[PDB]
Amino acid sequence: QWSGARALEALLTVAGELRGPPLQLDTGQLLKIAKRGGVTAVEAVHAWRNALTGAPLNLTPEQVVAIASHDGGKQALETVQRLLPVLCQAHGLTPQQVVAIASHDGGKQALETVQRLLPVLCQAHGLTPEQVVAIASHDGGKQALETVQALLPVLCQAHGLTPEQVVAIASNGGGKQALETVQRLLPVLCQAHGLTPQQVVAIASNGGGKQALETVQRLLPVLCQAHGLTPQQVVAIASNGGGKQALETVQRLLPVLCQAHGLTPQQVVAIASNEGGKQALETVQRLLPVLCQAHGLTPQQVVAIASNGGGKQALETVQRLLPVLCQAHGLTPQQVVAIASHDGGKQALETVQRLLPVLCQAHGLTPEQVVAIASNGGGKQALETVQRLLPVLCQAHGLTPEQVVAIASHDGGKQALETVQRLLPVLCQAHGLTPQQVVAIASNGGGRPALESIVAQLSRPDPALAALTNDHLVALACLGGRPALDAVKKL
DNA sequence: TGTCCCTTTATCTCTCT
DNA sequence: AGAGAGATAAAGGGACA
Ligand SMILES: [Mg+2]
Ligand SMILES: [Mg+2]
């Protein structure tokens with residue numbers, strides 16, 4: 001018969017038991033493990049469902065799924081059971097960091113490499129464990145750690161980079177390649193092209209950093225001499241992964257989009273300057289004559305939607321959802337363009353289409369309140385979080401729907417909301433902050449870490465903030481979040 | 001195939017003023 | 001708040017054994 005039958009049945013036999021305790025996996029979770037981790041991962045999750053969730057380890061089910069769902073997932077699962085207590089006691093890592101290191105293709109290699117190299121990277125190269133964790137927490141982590149161990153001295157001394165810059169380069173998939181390409185090309189790009197080290201670091205500091213570096217070296221001259229692009233614009237384009245693809249595409253499409261479609265070089269650069277920029281550029285070439293037709297959307301609007309990561313996905317979702325959202329849900333194209341014009345534009349739009357009636361009917365929000373929550377990066381996360389937490393924040397903590405909406409209406413709205421649910425009790429009950437002040441701190445980008453910093457300072461007080469009253473901490477948190485507090489801590 | 005590494009795309013969260 | 005920066009995830013190919 002068909003080969004993969006004996007495998008698929010073996011997959012389904014086991015996945016039946018995983019559905020209940022201890023792990024209680026949902027079809028969705030089982031698909032994810034099967035897809036990436038494969039069949040070996042699913043059988044392992046089962047083989048050891050007790051060892052990981054029980055004791056010592058006490059992994060959550062989601063942490064188990066996180067580690068299992070990668071090529072080699074079984075190897076990682078086995079390695080985690082052996083190395084988690086060692087890394088957590090010998091090197092002072094938290095279980096969550098260990099999990100985070102494990103949760104990538106080659107997790108075992110990364111974990112074993114952290115075990116081996118973390119003391120030498122910290123003592124001989126003066127890196128922090130945080131920094132070693134961040135480098136390890138990508139595919140090929142092992143390669144990036146060994147390459148950092150090998151190239152830190154030459155990069156800092158012969159090339160002038162700071163160790164923070166080296167970590168930033170190493171801290172992506174393909175970190176090793178980025179590191180070596182920076183070693184080779186840094187003088188070429190600085191001397192032959194007038195680039196600063198900082199700009200080169202920005203180009204090298206994404207996935208496929210190597211490809212972007214080589215492609216800036218190759219395409220910067222054409223792009224600057226022949227199309228009159230400045231080196232700032234080429235760097236902006238290249239500093240986002242898929243960089244190479246975006247640069248190669250801009251070379252072709254810049255004159256086309258400018259001549260045949262009436263865009264400025266400036267607008268093309270903006271569309272190109274995002275993850276998957278090549279896809280955005282191409283979708284705009286295709287869809288500008290269509291979306292801007294029947295006196296419909298303006299080019300400016302089309303460009304705005306395109307000028308975010310996943311601009312392609314956002315543009316296509318606009319094309320498909322604009323009529324049903326306007327007609328059946330009462331929205332304007334203005335509002336629709338607004339939802340689409342952030343990273344995750346597609347997700348936000350589909351979640352609006354799905355949740356607007358429930359948010360209004362069951363929760364008594366206005367369509368405008370839904371549009372505002374939706375109109376930030378992470379819109380979908382915020383909307384789904386508002387659906388779950390609006391009733392519990394109002395009834396358990398006395399918050400008004402308005403206040404919930406204000407917390408939700410920012411990037412990271414979901415994190416801010418969950419953090420308000422968590423910390424409002426201690427902030428108010430135990431430290432006498434008014435609910436209004438918690439709301440105020442939470443109603444900004446960076447809401448979550450702002451609240452966590454406030455709690456950190458009140459629960460385990462640092463005398464470097466002694467001369468600051470609660471009212472003053474609060475004003476600082478509102479004004480500048482965690483960064484403000486942390487700076488104040490440095491005084 | 002199982003595992004490890006790399007690149008590209010999309011999505012989500014926080015920073016800096 | 002808007003631009004910029006900083007993370008995290010998903011899926012696919014190349015490689016090798
Ligand atoms: Mg970026
Ligand atoms: Mg594969």
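These values consider heavy atoms only, across backbone and side chains, with no hydrogens, waters or symmetry-generated copies. In what follows, chains are A, B, ... by sequence order, proteins preceding strands, each numbered from 1.
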> Looking only at atom types and distance, does a side-chain atom of A:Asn444 sit under 3.5 Å from a main-chain N or O of A:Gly446, one as donor and one as acceptor?
Replying inline: no
> Where each residue is assigned the nucleotide of DNA chain C containing its nearest heavy atom, which of A:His104 and A:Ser239 is assigned the position nearer the 5′ end?
Replying inline: A:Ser239
Check the distance between [N]'s [atom2] and [X]'s [atom1] and give it to me in whole angstrom.
X: A:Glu62; N: C:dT8; atom1: CD; atom2: P; result: 16 Å
X: A:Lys32; N: C:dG12; atom1: NZ; atom2: P; result: 16 Å
X: A:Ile67; N: C:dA9; atom1: CD1; atom2: P; result: 12 Å
X: A:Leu77; N: B:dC4; atom1: CG; atom2: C1'; result: 17 Å
X: A:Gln233; N: C:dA3; atom1: CD; atom2: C1'; result: 16 Å
X: A:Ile203; N: C:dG4; atom1: CD1; atom2: P; result: 15 Å
X: A:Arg36; N: B:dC5; atom1: CZ; atom2: P; result: 13 Å

> Sequence neighbours excluded, which residues qualify as salt bridge (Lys or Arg N to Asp or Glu O under 4.0 Å) partners of A:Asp105?
Replying inline: A:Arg36
>> Run the salt bridge (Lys or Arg N to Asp or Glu O under 4.0 Å) test against A:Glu248 and tell me which residues pass, sequence neighbours left out.
In response: A:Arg218
> How does each nucleotide of nucleotides 11-17 of chain B score, in 5' to 3' order, for protein heavy atoms under 4.0 Å: base (B), sugar-phosphate only (S), or none (-)?
Replying inline: BBBBBS-
>> Taking side chain to side chain donor-acceptor pair (under 3.5 Å) as the definition, give me every residue that meets it alongside A:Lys142, ordered by chain and number, with sequence neighbours left out.
In response: A:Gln109
Kindly list each side-chain donor-acceptor pair under 3.5 angstrom involving residues 38-49 of chain A, sequence neighbours excluded, with atom names and distances?
{"residue": "A:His46", "atom": "NE2", "partner": "A:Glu17", "partner atom": "OE1", "Å": "3.2"}
{"residue": "A:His46", "atom": "NE2", "partner": "A:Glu17", "partner atom": "OE2", "Å": "3.4"}
{"residue": "A:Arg49", "atom": "NH1", "partner": "A:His46", "partner atom": "O", "Å": "2.8"}

>> Taking side-chain contact (heavy atoms from CB on, under 4.5 Å) as the definition, give me every residue that meets it alongside A:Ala416, ordered by chain and number, with sequence neighbours left out.
In response: A:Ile407
